[PDB]
Amino acid sequence: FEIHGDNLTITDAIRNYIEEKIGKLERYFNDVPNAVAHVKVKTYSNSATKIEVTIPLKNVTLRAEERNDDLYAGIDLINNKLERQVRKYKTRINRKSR
Amino acid sequence: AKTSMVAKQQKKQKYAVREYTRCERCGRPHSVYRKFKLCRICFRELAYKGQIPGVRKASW
Amino acid sequence: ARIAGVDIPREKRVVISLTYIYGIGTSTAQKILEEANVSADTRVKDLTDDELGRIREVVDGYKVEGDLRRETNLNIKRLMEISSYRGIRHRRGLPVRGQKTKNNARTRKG
Amino acid sequence: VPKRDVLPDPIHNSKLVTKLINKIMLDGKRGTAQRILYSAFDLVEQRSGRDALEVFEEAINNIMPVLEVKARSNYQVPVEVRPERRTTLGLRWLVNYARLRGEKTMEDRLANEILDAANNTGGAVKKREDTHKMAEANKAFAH
Amino acid sequence: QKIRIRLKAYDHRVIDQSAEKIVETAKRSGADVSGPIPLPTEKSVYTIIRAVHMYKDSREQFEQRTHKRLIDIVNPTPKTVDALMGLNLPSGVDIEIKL
Amino acid sequence: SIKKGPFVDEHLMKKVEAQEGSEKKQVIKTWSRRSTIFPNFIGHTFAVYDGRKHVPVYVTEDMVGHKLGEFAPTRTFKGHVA
Amino acid sequence: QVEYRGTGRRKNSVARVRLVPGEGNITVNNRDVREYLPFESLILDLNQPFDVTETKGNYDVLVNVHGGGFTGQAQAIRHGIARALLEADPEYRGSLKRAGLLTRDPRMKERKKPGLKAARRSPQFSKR
RNA sequence: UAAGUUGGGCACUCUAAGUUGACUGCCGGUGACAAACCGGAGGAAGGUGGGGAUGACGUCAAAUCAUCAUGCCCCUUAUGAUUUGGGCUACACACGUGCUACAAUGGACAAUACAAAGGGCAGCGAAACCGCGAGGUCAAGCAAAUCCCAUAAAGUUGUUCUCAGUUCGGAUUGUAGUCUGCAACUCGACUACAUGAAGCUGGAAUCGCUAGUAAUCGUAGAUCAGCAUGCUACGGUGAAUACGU
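Residues numbered from 1 in each chain as written, not as in the entry; some residues may be left out. Chains lettered and ligands numbered in written order. Part of a larger assembly, values for the part shown. Heavy atoms only, no water.

- The deposited coordinates, according to the entry record, derive from cryo-EM at 3.7 Å resolution.

- Chain F has the name 30S ribosomal protein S19 in the PDB entry, where Staphylococcus aureus is given as its organism.
- This deposition appears in the PDB under the title "Hibernating ribosome from Staphylococcus aureus (Unrotated state)".

- By the naming in the PDB entry, chain D is 30S ribosomal protein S7, taken from Staphylococcus aureus.
- Recorded under Sequence similarities, the UniProt text for chain D is reproduced unchanged: "Belongs to the universal ribosomal protein uS7 family." (UniProt positions renumbered as here; feature names shortened; annotations may be inferred.)

This is the structure:
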């Protein structure tokens, strides 16, 4: 994922935080083809901390975003979304007769 | 900015070629033609004008 | 050895037999064989003593040698002696015209 | 929906050569395909010399199946083939095995294959076998 | 001894009807006129994108048209000259009076 | 390459004209991209404006696997970590 | 004598079929069909108009021709022939049209548009 | 005539503008007789013939203040403007996209057949001449249905190579040169000589395409002093599959 920051300079602190979080999804299933992160300071002028995230999946993908006061609140709030946006999928359950 | 560069491509030269044929109406240098000296987009605007003949369109 | 220099293959045509030596390509071989009026015909070393003298000597017209390796060594040695702004880019993967390193990891580097 | 017929063979007045040169016709190059195939009709009609159609028609009745399978949860059904698909797939494994001998010539691998296949041997008679071991093994739960 | 001409304008009606203007005024005071011998009338091409900053793949095309007309006349005389330079209008045509 | 053949800006050479007959100098500042070595420049020093600052290069004997336009490429360490 | 004649059109390849009573013989561009058109062993199909019309035959041939390659250029031969056979006898039109070969194939190449490159392949999407 | 070169003819093809033509139109059938649908005849073309243009209301606070313009803010001996040089291209690496190889369906070499489109004014530079070739000399013609650019490749005919990391392979680096530019070192392309890397069809995973399509081989054009594995346009060759949902 092109962890790029518009008007905010991605430190190693931020990269560590991010990747750390998505590691937790190895519960299901990782399977790590790619992942992206869009972060930006969009002045309102209360002015943001925007987070938009993208997950490419097996035979499909799931984007995810959210805004909040600061970067860490945006990464934590956008979490618990790209998990339930993922869970569930399958099973599906057998037939025919006849 | 381009404001002095307007004179740059109009100024004289030490020699033949450190020059360019930018657009007249616009100042976009790139994506221009030696036929009309117009940027990519003024041509679009004034092709819709049908100012010059001009044709336009869709017979290829 | 056999006829000339070092490491000649046996029962191989002239067309590439004269080329395994360090410094012959493919046209230069055709020239030197054209000089002794010899050609294979077809896949094989058919050579007797008859043409052996000319193929042993006409080969001497050039520095098809380790002296050509020596030529390389002494020339690059001339390069990196001086300052040298191209012996530095001699190590990056860059010839004297430039090659814009992004996917040149590579075969001139590891 | 129709299948864009080929008229006759202009060589011996058959047809399936034409259907077959086109399967050798890679890169849209016809003449080299036609070349190497008719050459194979020289080689196979030479070795144990005979007509084209003995080794050809026999061999392509030694590998050219009668039943195939298809999936549909996932239950693989044995199925009767439409004769265009039958002949189609016969020639499919014909060329697609012809390269798979791993040899040098344009034609020996071919003429070896059809000669061998007229004799009910090789991987094309084989895929007929194994295919018909998926047929009547899988009669039960999907027919 | 003959007269010849070349025409170039970018409308197919006006140019040939104008040919009928000068030809009518020509065989008025002359004759032996070659009819409107057509010519291939080639074109051009000009491609531009529907964009300003990005989106290159989504674009648009233009061209140019270029009519030529070959007309002649034989057994010349100063009357067909005045028929040449008498009535060319509309002036989108690019007459080239020659011999 | 060049059109038969080697050349000079015709001010730098006009400078070393004044430098080279007498007791030579060990100092020349310049810009020197459109000029290159040949055996009149010997025994002198040059310092070509790299793009930020000139730096000394003394003309040595067989400086022939080398030229005037550059001696320390302005990519300058490196540009790369390794 | 007499001679029939017609025109031919397909695949950017044009032919002025000149079809005369005779042995049945070809010199296209004053040059034989066979060595001229590589390879080619397909000329039964070029004589199938005789296999179906005034069968067997034969009538000798002449034709001037230019444009495109052998496929259309060998295939630009027929509709001038078969049309010249309508001009010979419209009776066989029932034997022709039930078998084609006087219907000139209206198909040809396409134009380009954004999407195409060196090989005529439209682009991929973003995987990963 | 070597040659449509000359005479002649526009007959043919060709050539650009108005014509006629395909509209379920004619018929047969199915059909609440209607709507329609299935079939058949002819016809060059039967089911909006094929494609092109045209893209509803609108979503994405989509994109662009660097096309142009501009609300507001800010600057103004500088947040403006002039010059020579650098740099925008560096690389332990990664992502995408394309290009080229991993070979006998082939590589090396000799002879030979076939297009479309389009550029040209001082630009297109014919022949001849020099040269290993890039190119250099000369100069006929020509604002083009003309003359030139420019010769098509795949292919066809043969010879050889005879399955090697090979005449595969073609990166690497050096040497010697041509063009342009005042200037080819960071940073132009190309020619001659040598050197010959990895690589034997690519793993999980993953992408496009329904017929002249895919696939493959060529051609020109712009952008231009110089310069396209890119883009646009042109053609050549040229199949497999489509049950069913």
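Next comes the rest of the write-up.
### A closer look at the overall build of chain F
Then comes step 1: A count of helical and extended segments in chain F gives one helix and three strands.
Then comes step 2: Element order for chain F, N to C, with α for helix and β for strand: α-β-β-β.
Then comes step 3: Across its three principal directions, the C-alpha atoms of chain F cover 45 × 35 × 25 Å.
Then comes step 4: Relative to its 82 residues, chain F shows a buried fraction of 29%.
Then comes step 5: Sequence-distant contacts, at least 24 apart, represent 36% of the contacts inside chain F between residues at least 6 apart. (Helix = DSSP H or I, 4+ residues; strand = E, 2+ residues; numbered from the N terminus. Buried < 20%, exposed > 50% of the residue type's maximum accessible area, 1.4 Å probe, protein only. Contact = heavy atoms within 4.5 Å.)

### A word on the sheet that holds strand 2 (residues 36-40) of chain A
Residue and element names in this part refer to chain A.
Then comes step 1: Pairing is mixed across the open sheet formed by four strands, whose spatial order is 1-2-3-4. The strands lining the two open edges of the sheet, one partner per strand, are strand 1 (4-6) and strand 4 (60-67). Taking each pair of neighbouring strands and ignoring which way they run, the sheet shows an average axis angle of 10°.
Then comes step 2: Where strand 1 lies against strand 2, three bridges are found, and the strand directions are parallel. Across the sheet, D6 pairs through a bridge with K40, a residue of strand 2.
Then comes step 3: Docked against the sheet, helix 2 (residues 71-78) engages strand 3 (50-57) and strand 4, running at close to 135° with respect to strand 4. (Pairing = 2+ DSSP bridges. Axes fitted to C-alpha atoms, helices over the stretch in contact; angles between N-to-C directions.)

### A short note on the pairing of strand 2 of chain A
All names here are of chain A.
Then comes step 1: Residues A37 and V39 line the buried face of strand 2, whereas the alternating positions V36, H38 and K40 sit on a face that is not buried.
Then comes step 2: With helix 1 (residues 12-23) bridging strand 1 and its parallel neighbour strand 2, the resulting β-α-β unit is left-handed.
Then comes step 3: Relative to strand 3, strand 2 is paired through five bridges, and the arrangement is antiparallel. Along strand 3, the bridge assignment pairs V36 with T54. (Right-handed = clockwise from strand over helix to strand, strands pointing away.)

### Thoughts on the nonpolar core
Then comes step 1: Counting residues in hydrophobic clusters, the biggest one holds 25 residues, and the most contacted among them are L20, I24, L37, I63 and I114 of chain D.
Then comes step 2: Mapped by element, the contributors of at least two residues to this core are helix 1 (16-24), helix 2 (31-46), helix 3 (52-59), helix 4 (83-98), helix 5 (108-118) and helix 6 (122-134) of chain D.
Then comes step 3: Sequence-distant contacts of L37 of chain D, defined by excluding residues within four places in its chain, comprise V17, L20, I21 and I24 of chain D.
Then comes step 4: In this structure, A15, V65, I77 and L85 of chain G belong to the second largest nonpolar core, which totals 18 residues. (Core = buried A, V, L, I, M, F, W, Y, C linked by side-chain atoms within 4.5 Å.)

### A short note on the protein's contact with RNA strand H
Then comes step 1: If you check the shell around RNA strand H, you find 152 residues, and the closest are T42 of chain C, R35 and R85 of chain D, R75 of chain F together with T71 of chain G.
Then comes step 2: Atoms of RNA strand H within 4 Å of the protein: sugar and phosphate make up 79%, bases the balance.
Then comes step 3: With respect to RNA strand H, the side chain of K100 of chain C contributes an N or O atom lying 3.2 Å from a base oxygen.
Then comes step 4: Measuring from a phosphate oxygen of RNA strand H, one finds a side-chain N or O atom of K112 of chain G at 3.1 Å.
Then comes step 5: Among the residues making up the surface near RNA strand H, the classes are represented as 47 nonpolar, 41 polar and 64 charged. (Near = heavy atom within 4 Å. Polar contact = N/O pair within 3.5 Å; in protein donor to acceptor, adjacent residues only side chain to side chain. Nonpolar A, V, L, I, M, F, W, Y, C, P; charged D, E, K, R; others polar.)

### Quick look at the packing of aromatic side chains
Then comes step 1: In total, this model carries eleven aromatic pairs over all chains according to the counting rule given.
Then comes step 2: Ring plane angle 90° and centroid distance 5.9 Å describe the contact between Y33 of chain B and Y46 of chain E, whose orientation is recorded as edge-to-face. Taken together, the residues span two chains, with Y33 of chain B in the loop between helix 1 (2-8) and helix 2 (40-48) and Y46 of chain E in strand 3 (residues 46-49).
Then comes step 3: For the pair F41 of chain D and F56 of chain D, a centre-to-centre distance of 6.2 Å together with 75° between the ring planes defines the contact as edge-to-face. One end of the pair, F41 of chain D, is in helix 2; the other, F56 of chain D, is in helix 3, with 15 residues separating them in the sequence. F56 of chain D carries the same exposure label as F41 of chain D, and that label is buried. (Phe/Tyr/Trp six-rings, centres within 6.5 Å; stacked < 30°, edge-to-face > 60°.)

### Structural notes on the environment of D9 of chain D
Residues and elements named next belong to chain D.
Then comes step 1: Its location among the elements puts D9 in the segment before helix 1.
Then comes step 2: For the pair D9 and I60, spaced 51 residues apart in sequence, the C-alpha to C-alpha distance is 17 Å.
Then comes step 3: If near-sequence neighbours (up to four positions away) are discounted, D9 is found in contact with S14, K15, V17 and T18.
Then comes step 4: Reaching out from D9, the side chain makes a polar contact with the side chain of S14 at a distance of 2.6 Å.

### Remarks on the packing of helix 4 of chain D against helix 6 of chain D
Helix-helix packing is characterised by the crossing angle of the two axes and by the distance between the axes.
Residue and element names in this part refer to chain D.
Then comes step 1: Viewed as axis vectors pointing N to C, helix 4 and helix 6 meet at an angle of 140°, and their least axial separation amounts to 9 Å. The angle between helix 4 and helix 6 falls in the class oblique. At the point where helix 4 passes helix 6, the crossing takes the right-handed sense. Facing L89, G90, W93 and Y97 of helix 4, the residues of helix 6 in contact are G122, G123, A124 and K127.
Then comes step 2: Class assignment of the residues belonging to the contact of helix 4 with helix 6 gives a composition of four nonpolar, three polar and one charged. (Parallel < 35°, antiparallel > 145°, perpendicular 65-115°, else oblique. Left-handed = near helix turned anticlockwise from the far one by under 90°.)

### Points about the pattern of salt bridges
Then comes step 1: Under the counting rule described, the total for this entry stands at 13 salt bridges over all chains.
Then comes step 2: Measuring nitrogen to oxygen at the nearest pair gives 2.7 Å for the salt bridge that ties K2 of chain E to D72 of chain E. Here the residue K2 of chain E occupies a position in strand 1 (residues 2-6), and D72 of chain E occupies one in strand 5 (residues 69-74), the gap between them amounting to 70 residues.
Then comes step 3: For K2 of chain E, a relative accessible area of 38% gives the class partly exposed.
Then comes step 4: The salt bridge involving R120 of chain G is made with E110 of chain G; its shortest N-O contact spans 2.8 Å. (Salt bridge = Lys/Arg side-chain N within 4 Å of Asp/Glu carboxyl O.)

### Side note on the sheet that holds strand 1 (residues 29-30) of chain F
All names here are of chain F.
Then comes step 1: With mixed pairing, three strands are arranged side by side in an open sheet as 1-2-3. Here the strands that pair on one side only, and so sit at the sheet edges, are strand 1 and strand 3 (57-58).
Then comes step 2: Sheet topology places strand 1 next to strand 2 (residues 45-48); two bridges connect them, and they run parallel. What sits directly across from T30, in strand 2, is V48.

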